[PDB]
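Raw contents of input.txt, compact mmCIF, C-alpha atoms:
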```txt
# COMPACT_ATOMS: atom_id res chain seq x y z
CA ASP V 1 96.61 -16.59 45.07
CA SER V 2 97.30 -18.87 48.04
CA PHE V 3 95.45 -22.08 48.92
CA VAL V 4 96.27 -25.59 50.14
CA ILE V 5 95.19 -28.68 48.18
CA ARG V 6 96.18 -32.31 47.71
CA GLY V 7 98.49 -33.70 45.04
CA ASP V 8 95.72 -34.63 42.60
CA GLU V 9 94.22 -31.16 42.99
CA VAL V 10 97.65 -29.82 42.01
CA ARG V 11 97.12 -31.40 38.60
CA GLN V 12 93.53 -30.16 38.74
CA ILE V 13 94.52 -26.50 38.98
CA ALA V 14 95.40 -25.77 35.34
CA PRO V 15 93.78 -23.50 32.73
CA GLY V 16 90.86 -25.24 31.06
CA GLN V 17 91.11 -28.33 33.26
CA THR V 18 87.92 -29.90 34.61
CA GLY V 19 87.61 -31.37 38.10
CA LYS V 20 85.70 -31.17 41.36
CA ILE V 21 87.96 -28.37 42.59
CA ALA V 22 88.20 -26.96 39.06
CA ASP V 23 84.43 -26.93 38.49
CA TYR V 24 83.42 -25.29 41.78
CA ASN V 25 86.28 -24.53 44.18
CA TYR V 26 88.59 -22.58 41.86
CA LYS V 27 88.63 -21.93 38.11
CA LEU V 28 91.46 -20.64 35.97
CA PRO V 29 90.52 -18.32 33.08
CA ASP V 30 90.72 -19.35 29.43
CA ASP V 31 93.80 -17.15 29.12
CA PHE V 32 97.43 -17.36 30.16
CA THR V 33 97.94 -17.83 33.88
CA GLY V 34 101.37 -16.58 34.85
CA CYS V 35 102.65 -19.50 36.91
CA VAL V 36 101.45 -22.28 39.21
CA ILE V 37 103.78 -23.30 42.04
CA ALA V 38 102.93 -26.36 44.12
CA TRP V 39 104.77 -28.12 46.94
CA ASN V 40 103.64 -30.55 49.63
CA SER V 41 103.04 -29.08 53.10
CA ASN V 42 102.63 -32.29 55.12
CA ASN V 43 105.20 -31.16 57.69
CA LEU V 44 103.35 -27.85 58.09
CA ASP V 45 100.01 -29.62 58.63
CA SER U 1 72.98 -26.28 -27.81
CA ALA U 2 72.91 -23.33 -30.20
CA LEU U 3 73.43 -20.96 -27.26
CA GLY U 4 76.49 -22.79 -26.01
CA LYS U 5 78.49 -19.90 -24.54
CA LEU U 6 75.63 -18.39 -22.54
CA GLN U 7 74.54 -21.76 -21.17
CA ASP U 8 78.18 -22.39 -20.26
CA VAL U 9 78.25 -19.13 -18.29
CA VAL U 10 75.14 -20.16 -16.37
CA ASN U 11 76.54 -23.64 -15.71
CA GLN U 12 79.88 -22.26 -14.52
CA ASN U 13 78.21 -19.94 -12.01
CA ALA U 14 75.96 -22.73 -10.75
CA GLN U 15 79.00 -25.00 -10.45
CA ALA U 16 80.91 -22.42 -8.42
CA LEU U 17 78.07 -21.81 -5.97
CA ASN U 18 77.37 -25.53 -5.66
CA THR U 19 80.96 -26.48 -4.85
CA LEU U 20 81.16 -23.57 -2.41
CA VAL U 21 78.15 -24.98 -0.56
CA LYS U 22 79.55 -28.53 -0.75
CA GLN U 23 82.73 -27.42 1.03
CA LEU U 24 80.75 -26.97 4.26
CA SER U 25 80.19 -30.71 4.62
CA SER U 26 83.94 -31.30 4.27
CA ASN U 27 85.64 -32.29 7.51
CA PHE U 28 88.81 -30.19 6.98
CA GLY U 29 90.73 -32.33 9.47
CA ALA U 30 88.51 -31.62 12.48
CA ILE U 31 86.62 -34.27 14.43
CA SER U 32 83.35 -33.34 12.69
CA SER U 33 82.19 -30.91 10.02
CA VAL U 34 79.00 -29.68 11.69
CA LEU U 35 80.00 -26.83 13.97
CA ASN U 36 77.30 -27.20 16.62
CA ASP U 37 78.37 -30.81 17.18
CA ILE U 38 82.06 -29.94 17.60
CA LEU U 39 81.01 -27.21 20.03
CA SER U 40 78.69 -29.48 21.99
CA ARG U 41 80.86 -32.48 22.82
CA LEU U 42 84.21 -30.86 23.66
CA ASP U 43 85.44 -28.39 26.25
CA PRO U 44 85.96 -24.85 24.91
CA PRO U 45 89.78 -24.96 25.21
CA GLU U 46 89.96 -28.17 23.18
CA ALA U 47 87.04 -27.31 20.89
CA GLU U 48 88.83 -24.10 19.93
CA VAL U 49 91.44 -26.03 17.94
```

Show me this structure written as C-alpha cells.
Amino acid sequence: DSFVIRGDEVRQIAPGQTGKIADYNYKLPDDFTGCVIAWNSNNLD
Amino acid sequence: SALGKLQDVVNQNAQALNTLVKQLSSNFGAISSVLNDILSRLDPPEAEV
C-alpha cells in the first residue's frame, strides 16, 4: 500500500492507533501488519 | 447442633458457591473488575490485555 503523509501521520499509521488519518483516512487491522516503511519525500514534492 | 455433619455439608457448599461469586468483584490486576466498564473506556487493542 502506497500513500504520502506527513511525519506525524507516520506515527499515526500503526495497528490500533487512533488519529484523524487513522480514524477515517486509513485504518490498520487489529492483527499483525507486515511492515511499515516511511521516509520523507520533500525533495520529490 | 445434633445434626452437625449434615449442617456442615450444607455450609461447605454454600461457602464454596459464595466465594465463587465473590471472586467476580475481585480486580485481578486489571484497571477495573466490572467487564463492561473496562470495555467501555479503553480501545480494543489496549482493553484486550

> Counting all atoms listed in the file, which residues from chain V have an atom at most 9 Å from any atom of chain U, and could you show them as a PyMOL selection string?
Replying inline: chain V and resi 15-18+30

May I have the protein, DNA and RNA residues with an atom at most 10 Å from (105.5, -31.8, 47.2), counting only C-alpha atoms in the file's coordinates, returned as a PDB file with C-alpha atoms, in the coordinates of the input?
```pdb
ATOM      1  CA  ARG V   6      96.180 -32.310  47.710  1.00  0.00           C
ATOM      2  CA  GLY V   7      98.490 -33.700  45.040  1.00  0.00           C
ATOM      3  CA  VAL V  10      97.650 -29.820  42.010  1.00  0.00           C
ATOM      4  CA  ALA V  38     102.930 -26.360  44.120  1.00  0.00           C
ATOM      5  CA  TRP V  39     104.770 -28.120  46.940  1.00  0.00           C
ATOM      6  CA  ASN V  40     103.640 -30.550  49.630  1.00  0.00           C
ATOM      7  CA  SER V  41     103.040 -29.080  53.100  1.00  0.00           C
ATOM      8  CA  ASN V  42     102.630 -32.290  55.120  1.00  0.00           C
TER       9      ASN V  42
END
```

>> Would you pick out the contacts of residue V:14 at 12 Å or less, using only C-alpha atoms, so that residues sharing its chain but fewer than 4 positions from it are not included, and give the list as an MDAnalysis selection string?
In response: (chainID V and resid 8:10 18:19 21:23 26:38) or (chainID U and resid 45)

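Computed from the coordinates, the atom CA of residue U:1 to atom CA of residue U:16 distance equals 21.3 Å.
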
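Pairwise distance (atom CA of residue V:5, atom CA of residue V:45) equals 11.5 Å.
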
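When atom CA of residue U:22 is paired with atom CA of residue U:9, their separation reads 19.9 Å.
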